[PDB]
Amino acid sequence: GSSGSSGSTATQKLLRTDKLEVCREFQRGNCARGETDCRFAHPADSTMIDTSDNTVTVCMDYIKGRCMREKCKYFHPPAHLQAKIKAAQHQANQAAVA
Ligand SMILES: [Zn+2]
Ligand SMILES: [Zn+2]
């Protein structure tokens, strides 16, 4: 076979929704809005963080309201947030801009 047509651009082609951008301030302890008034998730453990993208996985089950996965090892976002994501899946209208 070809075994590699071409690698001009080094980047995959896909998109996920279970990815929360970890805050930069909180990490050091500067964020005042907190995971509550802050859109970015605040990892308390700060262990499942990738220094490559700086994003944490999102528990799909939990989002639905029932999280009983096997040894759930994903971040659990707050209520306000949990929704922000849900809406995305369920076709709906968007609010104005800030
Ligand atoms: Zn924050
Ligand atoms: Zn979970």
# chains A, B, ... in the order shown; residues from 1 in each chain; ligands from 1
>>> select_by_dssp(residues="segment 3-98 of chain A", states="strand (DSSP E or B)", output="list in words")
residues 19, 20, 21, 22, 41, 55, 56, 57, 58 and 75 of chain A
>>> residues_around(residues="segment 59-74 of chain A", least_positions_apart="6", cutoff="9 Å", atoms="only C-alpha atoms", output="ChimeraX atom specification")
/A:18,48,82-83,85-86
>>> write_last_selection(atoms="C-alpha atoms", output="compact mmCIF listing (two decimals), in the first residue's frame")
# COMPACT_ATOMS: atom_id res chain seq x y z
CA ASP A 18 -16.49 16.24 26.41
CA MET A 48 -5.63 14.43 34.86
CA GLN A 82 -23.45 20.66 32.87
CA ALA A 83 -26.25 22.44 31.00
CA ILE A 85 -22.88 21.27 27.25
CA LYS A 86 -26.24 19.48 27.22
>>> residues_near_ligand(ligand="ligand 1", cutoff="9 Å", atoms="only C-alpha atoms and all ligand atoms", output="PyMOL selection string")
chain A and resi 22-27+30-42
>>> select_by_dssp(residues="segment 51-95 of chain A", states="alpha helix (DSSP H)", output="PDB file with C-alpha atoms, in the first residue's frame")
ATOM      1  CA  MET A  60     -21.089  12.034  29.632  1.00  0.00           C
ATOM      2  CA  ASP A  61     -23.232   9.924  31.961  1.00  0.00           C
ATOM      3  CA  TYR A  62     -23.017  12.495  34.755  1.00  0.00           C
ATOM      4  CA  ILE A  63     -24.119  15.236  32.360  1.00  0.00           C
ATOM      5  CA  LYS A  64     -27.329  13.278  31.785  1.00  0.00           C
ATOM      6  CA  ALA A  79     -24.785  22.527  37.262  1.00  0.00           C
ATOM      7  CA  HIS A  80     -24.629  25.718  35.195  1.00  0.00           C
ATOM      8  CA  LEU A  81     -21.902  24.132  33.068  1.00  0.00           C
ATOM      9  CA  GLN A  82     -23.450  20.664  32.867  1.00  0.00           C
ATOM     10  CA  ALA A  83     -26.249  22.438  31.002  1.00  0.00           C
ATOM     11  CA  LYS A  84     -24.119  24.572  28.683  1.00  0.00           C
ATOM     12  CA  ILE A  85     -22.884  21.271  27.253  1.00  0.00           C
ATOM     13  CA  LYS A  86     -26.239  19.481  27.217  1.00  0.00           C
ATOM     14  CA  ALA A  87     -27.835  22.268  25.180  1.00  0.00           C
ATOM     15  CA  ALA A  88     -25.167  21.719  22.526  1.00  0.00           C
ATOM     16  CA  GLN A  89     -26.303  18.137  21.942  1.00  0.00           C
TER      17      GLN A  89
END
>>> atom_distance(atom1="atom CA of residue 76 of chain A", atom2="atom CA of residue 55 of chain A")
13.0 Å
>>> atom_distance(atom1="atom CA of residue 13 of chain A", atom2="atom CA of residue 57 of chain A")
18.6 Å
>>> decode(residues="segment 1-55 of chain A", atoms="C-alpha atoms", output="PDB file, in the first residue's frame")
ATOM      1  CA  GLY A   1       0.000   0.000   0.000  1.00  0.00           C
ATOM      2  CA  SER A   2       0.889   3.686   0.190  1.00  0.00           C
ATOM      3  CA  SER A   3       1.873   3.551   3.861  1.00  0.00           C
ATOM      4  CA  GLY A   4       1.509   7.309   4.206  1.00  0.00           C
ATOM      5  CA  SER A   5       0.220   9.429   1.331  1.00  0.00           C
ATOM      6  CA  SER A   6       1.458  12.745   2.723  1.00  0.00           C
ATOM      7  CA  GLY A   7       1.905  14.518   6.044  1.00  0.00           C
ATOM      8  CA  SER A   8       1.952  18.149   4.939  1.00  0.00           C
ATOM      9  CA  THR A   9      -0.259  19.218   7.843  1.00  0.00           C
ATOM     10  CA  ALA A  10       0.253  17.497  11.195  1.00  0.00           C
ATOM     11  CA  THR A  11      -3.258  17.522  12.655  1.00  0.00           C
ATOM     12  CA  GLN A  12      -6.186  15.113  12.954  1.00  0.00           C
ATOM     13  CA  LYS A  13      -9.683  15.834  11.643  1.00  0.00           C
ATOM     14  CA  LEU A  14     -12.308  15.572  14.386  1.00  0.00           C
ATOM     15  CA  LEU A  15     -14.135  17.396  17.180  1.00  0.00           C
ATOM     16  CA  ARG A  16     -15.293  16.426  20.671  1.00  0.00           C
ATOM     17  CA  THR A  17     -17.644  17.974  23.230  1.00  0.00           C
ATOM     18  CA  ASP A  18     -16.493  16.236  26.410  1.00  0.00           C
ATOM     19  CA  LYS A  19     -13.470  18.523  26.748  1.00  0.00           C
ATOM     20  CA  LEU A  20     -13.271  21.274  29.369  1.00  0.00           C
ATOM     21  CA  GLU A  21     -10.519  23.888  29.119  1.00  0.00           C
ATOM     22  CA  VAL A  22      -8.736  23.985  32.478  1.00  0.00           C
ATOM     23  CA  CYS A  23      -8.315  27.486  33.902  1.00  0.00           C
ATOM     24  CA  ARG A  24      -4.821  28.982  34.053  1.00  0.00           C
ATOM     25  CA  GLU A  25      -5.281  31.219  37.095  1.00  0.00           C
ATOM     26  CA  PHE A  26      -6.963  28.709  39.407  1.00  0.00           C
ATOM     27  CA  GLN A  27      -4.009  26.378  38.849  1.00  0.00           C
ATOM     28  CA  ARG A  28      -1.809  28.810  40.779  1.00  0.00           C
ATOM     29  CA  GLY A  29      -4.752  30.190  42.733  1.00  0.00           C
ATOM     30  CA  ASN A  30      -5.526  33.511  41.062  1.00  0.00           C
ATOM     31  CA  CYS A  31      -8.981  32.870  39.604  1.00  0.00           C
ATOM     32  CA  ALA A  32     -11.656  34.547  41.724  1.00  0.00           C
ATOM     33  CA  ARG A  33     -14.676  33.581  39.623  1.00  0.00           C
ATOM     34  CA  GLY A  34     -14.081  29.957  40.569  1.00  0.00           C
ATOM     35  CA  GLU A  35     -15.503  26.958  38.726  1.00  0.00           C
ATOM     36  CA  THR A  36     -18.856  28.542  39.574  1.00  0.00           C
ATOM     37  CA  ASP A  37     -18.562  31.993  38.003  1.00  0.00           C
ATOM     38  CA  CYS A  38     -15.884  30.688  35.638  1.00  0.00           C
ATOM     39  CA  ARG A  39     -16.633  28.854  32.390  1.00  0.00           C
ATOM     40  CA  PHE A  40     -13.306  27.023  32.612  1.00  0.00           C
ATOM     41  CA  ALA A  41     -13.229  23.902  34.783  1.00  0.00           C
ATOM     42  CA  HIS A  42     -11.094  24.016  37.930  1.00  0.00           C
ATOM     43  CA  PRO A  43      -9.318  20.684  38.560  1.00  0.00           C
ATOM     44  CA  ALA A  44      -9.025  20.274  42.329  1.00  0.00           C
ATOM     45  CA  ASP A  45      -6.777  17.221  42.029  1.00  0.00           C
ATOM     46  CA  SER A  46      -4.807  18.664  39.112  1.00  0.00           C
ATOM     47  CA  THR A  47      -3.618  15.232  37.982  1.00  0.00           C
ATOM     48  CA  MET A  48      -5.634  14.435  34.859  1.00  0.00           C
ATOM     49  CA  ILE A  49      -4.322  17.551  33.116  1.00  0.00           C
ATOM     50  CA  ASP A  50      -2.447  17.410  29.812  1.00  0.00           C
ATOM     51  CA  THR A  51       0.343  19.950  29.327  1.00  0.00           C
ATOM     52  CA  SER A  52      -0.196  19.498  25.590  1.00  0.00           C
ATOM     53  CA  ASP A  53      -3.754  20.816  25.317  1.00  0.00           C
ATOM     54  CA  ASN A  54      -4.661  21.645  28.918  1.00  0.00           C
ATOM     55  CA  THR A  55      -8.105  20.043  28.720  1.00  0.00           C
TER      56      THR A  55
END
